Structure formats: C-alpha cells, structure tokens
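Just below is one structure, and these are the notes that go with it.
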Amino acid sequence: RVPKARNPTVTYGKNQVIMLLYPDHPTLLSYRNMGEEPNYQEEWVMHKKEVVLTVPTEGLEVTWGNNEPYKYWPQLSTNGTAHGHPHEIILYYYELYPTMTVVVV
Amino acid sequence: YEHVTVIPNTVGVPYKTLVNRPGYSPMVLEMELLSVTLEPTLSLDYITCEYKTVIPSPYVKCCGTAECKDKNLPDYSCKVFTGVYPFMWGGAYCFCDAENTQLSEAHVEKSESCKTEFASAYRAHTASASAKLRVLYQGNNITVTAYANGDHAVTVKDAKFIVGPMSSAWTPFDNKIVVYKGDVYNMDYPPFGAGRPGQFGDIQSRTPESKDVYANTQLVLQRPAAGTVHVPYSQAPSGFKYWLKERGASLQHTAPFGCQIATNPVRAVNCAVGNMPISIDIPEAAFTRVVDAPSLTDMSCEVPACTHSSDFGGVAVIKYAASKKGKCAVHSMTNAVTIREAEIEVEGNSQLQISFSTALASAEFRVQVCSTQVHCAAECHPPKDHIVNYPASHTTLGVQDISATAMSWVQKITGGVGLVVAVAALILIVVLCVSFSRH
Ligand SMILES: *[C@H]1O[C@H](CO[C@H]2O[C@@H](C)[C@@H](O)[C@@H](O)[C@@H]2O)[C@@H](O[C@@H]2O[C@H](CO)[C@@H](O[C@H]3O[C@H](CO)[C@@H](O)[C@H](O)[C@@H]3O)[C@H](O)[C@H]2NC(C)=O)[C@H](O)[C@H]1NC(C)=O
Ligand SMILES: CC(C)CCC[C@@H](C)[C@H]1CC[C@H]2[C@@H]3CC=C4C[C@@H](O)CC[C@]4(C)[C@H]3CC[C@]12C
C-alpha cells in the first residue's frame with residue numbers, strides 16, 4: 001500500500017499553470033511535453049512550494065506522486081480583441097501569434 | 001461502394017468524412033480512434049539479477065601444507081596463506097605453530113531471488129500495430145478491431161473495414177530495452193559474457209532457470225586476521241542493486257508524443273504520431289437515391305452567437321422548407337469550421353440548430369445539407385479561460401488567409417499605395433512617350 005498526495009491548488013494564466021503543493025512527506029513531481037520533444041523534467045518536493053509550469057501548444061502532462069496524470073492545453077485567449085480599432089486588432093493577433101505578427105507587420 | 005479516407009492518429013478525437021456517390025444522397029460518417037497499440041517483437045538476450053557469494057569453511061592445516069584444485073564455477077578463486085596461528089574459544093587451534101597454512105576458497109552463484117526479482121534484456125524489432133476504431137454508420141455505433149497493416153480486414157454489419165498501413169514507423173522503443181516490472185527503459189546493456197563489476201550485467205544467465213551463469217565480481221581472497229579463522233575478501237557490490245537505485249525515469253514518463261507505456265506484453269499505447277488510412281466497403285442499402293431523398297429550398301442561416309472556445313462554442317440556426325419529412329446529412333464545406341452533428345431531421349417549414357467549432361475570429365463558411373448549400377457567417381468572440389483539460393475539437397488556423405474581417409484597413413492601405421504607384425507610372429509613361437516622339 002502506498003499513499004496519494006493531496007490534490008494541489010491550481011490557478012491559470014496565459015499559457016501558464018500554477019500549482020501549490022501541500023505534501024506531508026517528500027514526493028516526486030515530474031512533467032513532459034506531449035509533442036515531439038518531451039523536455040522531461042523532475043524534482044523532489046519536501047515542503048509547501050509554488051510551482052509554475054509553461055504550457056506548449058501541443059499540451060503538457062503533469063504527474064505528482066502516485067496520483068493520476070493531469071493534462072493541460074492552451075486556449076486562444078486575448079486581452080486585446082478582434083474587430084474594433086486597428087490597434088486593438090494588432091494586439092489581438094500579437095497575443096495569439098506573436099512570432100508571425102512581427103513578421104507580417 | 002469503396003470509400004477511402006485518411007485521419008490523424010490522435011486518440012479521442014472524432015473526424016467527419018463525406019461519402020460521395022453520384023445519383024444518391026450525400027452521406028456523412030463519423031470516425032474516432034479509441035485506442036492505438038504498437039506491440040514490438042522482442043527477443044530475450046539475458047537475465048540480470050542479484051548474486052550471492054559462497055564461502056565454504058576454510059581448511060586449516062598445521063605442521064604441513066594445504067592444497068586445492070581448480071573448479072569450473074562461474075567465478076572461482078583459491079588461495080593458500082602461510083604463517084597462520086588461529087585460536088578457538090577454548091584455546092589454540094592445534095598443537096604446533098610450525099608450517100601452518102590456511103586454505104581459502106570462494107565462488108559466486110545466482111541468488112534464489114532471481115526467480116522473481118530480475119531485469120530482462122531484450123532486442124526489439126518491428127511492431128504489429130493495431131487499433132480499436134469507432135464508426136458512426138447510418139446512425140449506429142459500430143466498433144471494430146484490426147491490424148494497421150492494410151490487411152486482416154474485418155466485416156461488421158456487412159461493412160468491410162480495412163485500416164493502415166501506418167503512415168509512420170515511429171516507436172518509443174529503441175533496439176535495446178530492459179524490463180524490470182511495469183517500467184521499461186532504453187539502455188545500451190553490455191553483450192552477454194562481457195559484464196563488468198559494479199555495473200548492470202555483472203552477473204548474467206540466458207534464462208532464469210539456466211545453470212549456465214556468467215559472473216565478474218572481481219572477488220579476491222585476502223589474508224585472515226591473526227588469531228582468527230575468518231575469510232576476508234574484496235568484492236564489488238551487485239550491479240543490480242546499484243541499477244535499481246539509479247534507474248531514473250522510465251519510458252512511461254519520458255516518452256515523446258504522449259505515448260503510454262505498459263508491460264506484459266511490452267507495448268506503446270496511443271502515440272500521437274502520423275496518420276492512419278481507412279477504407280470502408282459500404283453496402284448499397286446505405287444509399288438513398290436523390291429522387292427518394294428529401295429536398296430543401298428557401299434555406300437561410302443565422303448565428304445567435306459564436307465563441308472560439310475550442311469546444312463547440314459556436315451555434316448556428318438554419319431555416320428550411322422541406323419537400324417532405326425525412327433525414328438529411330450535414331457537412332461543412334470548409335476545413336476551418338467543424339460541425340458537431342452528422343445528421344439532422346427535416347419536416348415541413350421549420351429551422352434546425354447545430355453547433356460548431358472553429359479557430360476563426362470571423363466565421364465564414366458554407367453548410368451543406370441535402371444538396372442545398374447555405375452560406376453562413378458571423379463574428380466570434382475569444383474565451384475567458386486560458387487553460388483546459390481537453391484537446392481542441394477543431395483544426396488549426398494556420399494560413400495568412402484567415403485573418404479576421406474588418407481587415408479592409410489592409411486593402412485600403414495596399415490599394416492607396418498601389419494607386420500612387422499606378423499614377424506615378426502613368427506620368428512617367430506619358431513623358432517618355434512625348435520624349436520619344438520628339439527629335
Ligand atoms: C452512439 O452515437 C453517439 C456517439 O457515441 C458515443 O457514445 C457514448 C456513450 C460514449 O461511448 C462516447 O465515447 C461515444 O462517442 C451517442 O451519442 C453520445 O451520447 C453521449 C451520452 O453520454 C453524449 O456524451 C455526452 O453528452 C452529454 C450531453 O451533452 C454530456 O452531459 C456528457 O458529456 C456526455 O458524456 C453525447 O450525446 C454523445 N457522445 C459524445 C461524446 O458526443 C449515441 O447515444 C449513440 N447512438 C446510438 C444509440 O446508436
Ligand atoms: C491595421 C492592419 C495592419 C491590421 C493587420 C493585422 C494583421 C497584420 C495580423 C492580425 C492577425 C494576424 C494573423 C493571425 C494568424 C496567423 C496564422 C499564423 O500561423 C501565421 C501568422 C498569421 C497569418 C497572423 C499574421 C498577422 C495578422 C494577419
């Protein structure tokens with residue numbers, strides 16, 4: 001028989017997942033990208049910690065301790081908006097596709 | 001009717017395909033992959049497990065010299081020490097201290113624990129790829145299982161389903177893998193009979209039950225402490241124990257493309273790589289002639305709202321006048337917009353409601369019902385949330401062509417500059433013409 005770590009407190013930002021871990025004992029936290037290059041990373045946590053993960057377009061898979069894995073994907077959210085004024089439109093597309101935006105403009 | 005389509009290997013995502021058989025009503029099928037498994041062929045090279053060192057009681061001979069013979073045990077050594085004068089709890093071992101020698105020997109054997117606790121070193125070849133496919137056929141849910149090699153076709157409900165070959169030969173498993181339990185690792189294990197001390201493979205056998213054992217523990221017999229009969233030695237610690245502590249992450253956690261790894265048998269599950277061709281033999285009973293099918297006229301579309309939430313956040317309502325009661329098939333005429341419903345019912349004069357998912361900031365698309373296409377368009381809003389636990393239901397927006405509407409600013413600026421060039425070009429042309437004529 002093995003224990004299962006407490007469900008973490010989770011909040012979200014732009015292409016970002018923030019977790020608060022509350023272990024009783026040392027646990028292993030690890031994650032991988034679900035794309036071609038998994039960029040596998042792992043760490044041990046022996047205390048309450050704030051962990052910030054970056055979410056790729058392909059999606060991110062996160063596994064903590066003996067718990068079932070979580071999967072996350074980004075949405076096309078903006079602080080700018082489509083339509084409206086020309087500067088509102090550029091911000092909208094910049095936030096979603098910043099690389100291309102700088103090239104097209 | 002033979003219908004051939006190709007879908008992505010992404011698991012848990014439905015795809016819509018249109019069946020076009022002239023003279024009959026267009027039909028729409030829905031396909032989803034429920035599971036894709038890549039099961040490699042393995043050939044066992046050897047078993048690695050813990051070893052035990054066996055040391056028989058030492059032979060102590062005083063007033064004379066001890067001797068021994070070579071043995072053919074997996075790792076054997078024998079040595080004789082001189083000048084030994086051992087004591088027992090009740091006094092000196094023997095009467096004389098002259099010409100005293102001690103005969104020591106030791107050998108390595110496989111542990112009995114190797115029966116249950118061991119790692120297997122395998123060579124991997126190709127995989128017998130197969131998949132579980134869900135198909136929505138004539139409103140019915142049909143589930144089929146088959147090999148993704150373009151063979152071993154299976155017929156269900158008189159429909160013949162052929163899947164594969166796979167567009168990719170990708171596997172998370174390399175040529176050399178080691179299996180301990182539920183954890184598979186990619187490791188360049190050493191050749192059989194070439195193991196080294198303190199490292200994985202220090203002790204090897206071809207099978208768990210085999211009596212043919214290779215070992216390299218660098219076991220060296222040392223001189224005993226004076227007054228004692230103990231047999232000291234120098235030997236490397238088991239490489240198996242070191243490996244278990246230093247295994248690191250297994251493929252289940254490190255594999256690319258979101259592959260799931262399982263053992264007994266070793267297999268890769270639901271790898272998001274490439275695509276899978278599907279061919280379906282459809283019975284004529286599934287086709288309704290256009291003369292028998294219903295027909296729709298006076299069709300129009302409106303959009304109460306649209307949000308590109310990636311989860312069917314768009315809604316559209318289409319008004320129609322039906323010639324008669326019956327069913328029709330609904331299909332998008334663009335790859336930018338996905339319609340959730342495969343089919344709708346039509347009766348008299350009414351309206352139908354469907355949901356859709358798009359990456360477009362401005363939705364511009366045509367909806368095909370029973371051969372009566374309607375153009376529909378509306379502005380879409382962004383989602384409030386940033387992160388979801390599901391994959392998008394739609395496809396990508398990756399073309400410069402799909403920029404939003406109210407982009408007339410681009411056309412106005414481009415046209416304005418183009419006009420300046422066109423005018424300047426005309427001015428120069430006229431002057432050149434006049435200059436040419438003058439001599
Ligand atoms: C078979 O055709 C469709 C699709 O087949 C689906 O069946 C369900 C039971 C699952 O096995 C699913 O994996 C499979 O794709 C059937 O329509 C499905 O009914 C689902 C009932 O559970 C329903 O799914 C979701 O919808 C409800 C209501 O919006 C929502 O609360 C839940 O998320 C729910 O799971 C959905 O209507 C549809 N499947 C999906 C996922 O879209 C249909 O019932 C069957 N027809 C027959 C009898 O041939
Ligand atoms: C006032 C004028 C300049 C507004 C122009 C807005 C233009 C420059 C912005 C708004 C939306 C943007 C596009 C959004 C989507 C894509 C798809 C991406 O895969 C490549 C970049 C591309 C094609 C962007 C190019 C730049 C873009 C078209």
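Going through the structure tokens in order, the chains are called A, B, and so on, while each chain numbers its residues from 1 and the ligands are numbered from 1 in the order shown.
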Could you work out which residues of chain B fall inside 10 Å of chain A? Count only C-alpha atoms, and format the result as a VMD selection string.
chain B and resid 249 253 to 259 271 to 273 308 to 310 359 361 to 362 379 to 392 398 400 403 to 407 409 to 410
Using only C-alpha atoms and all ligand atoms, which protein or nucleic acid residues are at most 10 Å from ligand 1, as a VMD selection string?
chain B and resid 12 to 14 30 to 34 134 to 142 340 to 341
Could you please write out, as a count of residues only, every residue of chain A that DSSP assigns to strand (DSSP E or B)?
39
Got a sec: who's within 9 Å of region 17-27 of chain B, counting only C-alpha atoms, leaving out chain neighbours fewer than 3 positions off, as a list in words?
residues 1, 3, 5, 30, 31, 138, 286, 287, 288, 289, 290, 291, 292, 293, 294, 328, 329, 330, 331, 342, 343, 369, 370 and 371 of chain B
Among chain A, which ones does DSSP assign to alpha helix (DSSP H) (computed from the backbone)? Answer as a ChimeraX atom specification.
/A:86-96,98-104
Env of residue 51 (chain A): 9 Å cut, atoms = only C-alpha atoms, seq-sep filter 4 positions within chain, self excluded. Answer as a PDB file with C-alpha atoms, in the first residue's frame.
```
ATOM      1  CA  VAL A  17      -0.327  26.649 -14.960  1.00  0.00           C
ATOM      2  CA  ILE A  18       0.411  27.460 -11.332  1.00  0.00           C
ATOM      3  CA  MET A  19       0.208  24.786  -8.654  1.00  0.00           C
ATOM      4  CA  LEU A  20       0.507  24.872  -4.875  1.00  0.00           C
ATOM      5  CA  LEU A  21       1.788  21.618  -3.428  1.00  0.00           C
TER       6      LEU A  21
END
```
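Separating CA of residue 99 (chain B) from CA of residue 64 (chain B) is a distance of 5.6 Å.
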Quick one: residues within 10 Å of region 235-241 of chain B, only C-alpha atoms, excluding same-chain residues fewer than 4 positions away - as JSON, numbers by chain?
{"B": [48, 49, 50, 51, 52, 53, 117, 118, 119, 195, 196, 197, 198, 199, 200, 201, 202, 203, 216, 217, 218, 219, 220, 221, 245, 246, 247]}
Keeping N, CA and C atoms, export the residues of the selection given above as a CSV table (one decimal), in the first residue's frame.
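again15.csv, written as the output of this step:
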```
chain,number,residue,atom,x,y,z
B,48,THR,N,19.5,-10.3,-15.8
B,48,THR,CA,20.4,-9.8,-14.8
B,48,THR,C,19.7,-9.8,-13.5
B,49,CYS,N,20.3,-10.2,-12.4
B,49,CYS,CA,19.8,-10.3,-11.1
B,49,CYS,C,20.9,-10.3,-10.0
B,50,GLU,N,20.5,-10.4,-8.8
B,50,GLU,CA,21.5,-10.4,-7.7
B,50,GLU,C,22.3,-11.6,-7.6
B,51,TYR,N,23.5,-11.5,-7.0
B,51,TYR,CA,24.4,-12.7,-6.8
B,51,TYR,C,24.6,-12.9,-5.4
B,52,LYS,N,25.0,-14.1,-5.0
B,52,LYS,CA,25.4,-14.4,-3.7
B,52,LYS,C,26.8,-15.0,-3.7
B,53,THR,N,27.6,-14.7,-2.7
B,53,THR,CA,29.0,-15.2,-2.5
B,53,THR,C,29.0,-16.4,-1.6
B,117,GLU,N,12.9,-11.6,-8.8
B,117,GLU,CA,13.4,-10.2,-8.9
B,117,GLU,C,14.6,-10.2,-9.9
B,118,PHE,N,14.3,-9.7,-11.1
B,118,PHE,CA,15.3,-9.7,-12.1
B,118,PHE,C,14.9,-8.7,-13.2
B,119,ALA,N,15.9,-8.3,-14.0
B,119,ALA,CA,15.6,-7.4,-15.2
B,119,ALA,C,16.0,-8.2,-16.4
B,195,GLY,N,30.1,-8.7,-19.0
B,195,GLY,CA,29.6,-7.9,-17.9
B,195,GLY,C,30.8,-7.4,-17.1
B,196,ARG,N,30.6,-6.3,-16.4
B,196,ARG,CA,31.6,-5.7,-15.6
B,196,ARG,C,31.1,-5.5,-14.1
B,197,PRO,N,32.0,-5.5,-13.1
B,197,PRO,CA,31.7,-5.4,-11.7
B,197,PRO,C,31.2,-4.1,-11.4
B,198,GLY,N,30.2,-4.0,-10.5
B,198,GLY,CA,29.6,-2.8,-10.0
B,198,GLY,C,28.7,-2.1,-11.0
B,199,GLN,N,28.4,-2.8,-12.1
B,199,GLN,CA,27.6,-2.3,-13.2
B,199,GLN,C,26.5,-3.4,-13.6
B,200,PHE,N,25.5,-2.9,-14.2
B,200,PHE,CA,24.4,-3.8,-14.6
B,200,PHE,C,25.0,-4.8,-15.5
B,201,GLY,N,24.6,-6.1,-15.3
B,201,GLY,CA,25.0,-7.2,-16.1
B,201,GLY,C,26.3,-7.9,-15.5
B,202,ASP,N,26.7,-7.5,-14.3
B,202,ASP,CA,27.8,-8.2,-13.7
B,202,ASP,C,27.6,-9.7,-13.5
B,203,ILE,N,26.4,-10.1,-13.3
B,203,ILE,CA,26.0,-11.5,-13.3
B,203,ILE,C,24.9,-11.7,-14.3
B,216,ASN,N,31.3,-11.7,-13.1
B,216,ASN,CA,32.5,-10.9,-13.0
B,216,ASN,C,32.4,-10.0,-11.8
B,217,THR,N,32.8,-10.5,-10.6
B,217,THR,CA,32.6,-9.7,-9.4
B,217,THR,C,34.0,-9.2,-8.9
B,218,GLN,N,35.1,-9.6,-9.5
B,218,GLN,CA,36.4,-9.3,-9.1
B,218,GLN,C,36.6,-9.7,-7.6
B,219,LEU,N,36.3,-11.0,-7.3
B,219,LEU,CA,36.4,-11.5,-6.0
B,219,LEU,C,37.8,-11.9,-5.7
B,220,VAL,N,38.4,-11.3,-4.7
B,220,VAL,CA,39.8,-11.5,-4.3
B,220,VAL,C,39.9,-12.0,-2.8
B,221,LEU,N,40.6,-13.1,-2.6
B,221,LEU,CA,40.8,-13.6,-1.3
B,221,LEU,C,41.9,-12.9,-0.6
B,245,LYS,N,18.6,1.5,-7.8
B,245,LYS,CA,18.6,2.8,-7.1
B,245,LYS,C,18.8,3.9,-8.1
B,246,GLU,N,19.5,3.7,-9.2
B,246,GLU,CA,19.8,4.7,-10.1
B,246,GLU,C,19.1,4.6,-11.5
B,247,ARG,N,17.9,3.9,-11.4
B,247,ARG,CA,17.2,3.6,-12.7
B,247,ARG,C,16.8,4.9,-13.4
```
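The spacing separating CA of residue 65 (chain A) from CA of residue 260 (chain B) amounts to 17.3 Å.
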